[PDB]
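Okay, so here's just one chain, in structure tokens, the form deposited in one PDB entry.
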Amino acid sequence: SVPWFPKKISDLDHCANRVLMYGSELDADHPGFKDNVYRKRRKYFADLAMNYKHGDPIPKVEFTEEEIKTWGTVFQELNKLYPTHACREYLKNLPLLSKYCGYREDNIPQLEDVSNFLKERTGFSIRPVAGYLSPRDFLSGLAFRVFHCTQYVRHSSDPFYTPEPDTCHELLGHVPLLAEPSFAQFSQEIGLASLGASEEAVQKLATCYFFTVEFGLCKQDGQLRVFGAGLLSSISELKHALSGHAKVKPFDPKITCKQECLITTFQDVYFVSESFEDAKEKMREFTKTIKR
């Protein structure tokens, strides 16, 4: 039979809290693992997300001086790399976020402001999320153009700690491309395909998502460019991905979905999409083979 899936945007209230691994439950190797103040701070963010309901304004947070310094460090270094690494759509939208959502090295943008910007541009919106959801639940948000977004900041001891998303990753990696209509349609269609899909199908869609939205490369005017959010918020891997040291294959959902998604290391392979439109077309053909 078909599993429950959300039928309208407010139904994400019933699956956005189905958190498998809560935001304050740190990994043993997390830089903040022995930091009680940071643990308390993470519980604060997790509770904001748990208490959030669709329709609410996303709670605005006063970030600490330390958190803002962490963001600034990350922001300054990445912005040196974006002109020579990021895809044209990313570079087109990033200055709009500086102008309208307060992206600055001494200011962390609020999720509510970014959500309002996205709603106007592509109809995307943000939902704060306490922690990790099943791939079924996470992808289901995209069906309604909702992106489940972490609100906390990485621990200050390691401004380059990358295996878990934080709000730096969300704001610098994901948001500029959600502001692009062709990328928003691509993303939404991943979510639509997942709704009520088999567990097998959901997993394959999640892997395709990983190797496009999170670690995708594209070809523009004959050059390799980056559009994956995980690359766009990782200083070292952003550089690695466009070096001669990286293994690169064409995006092809039936092949790409066999690839293991790595967590604590650079990816072993990156997949190059021809355009967001072509990636979208390829996903359309693939989803017909795994769902109906």
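For every residue, the number given is its place in the sequence shown, counted from 1. Only residues modelled in both forms are compared. Basically, rigid core = biggest C-alpha set you can superpose within 1.5 Å across the two forms.
Not on display, but discussed next: the form deposited in another entry.
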{"query": "Only residue that shifts (Cα, 2 Å or more, rigid core superposed) between the shown form and the other one, among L26, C257, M50, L224", "finding": "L26"}
{"query": "Cα-Cα shift for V74 and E25, closer or farther in the other entry, minimum 3 Å", "finding": "farther"}
{"query": "Sense of CA distance change between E25 and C15 in the other entry, threshold 3 Å", "finding": "closer"}
{"query": "Segments of at least three residues whose Cα atoms shift by 2 Å or more between the shown form and the other one, after superposing on the rigid core", "finding": "22-31"}
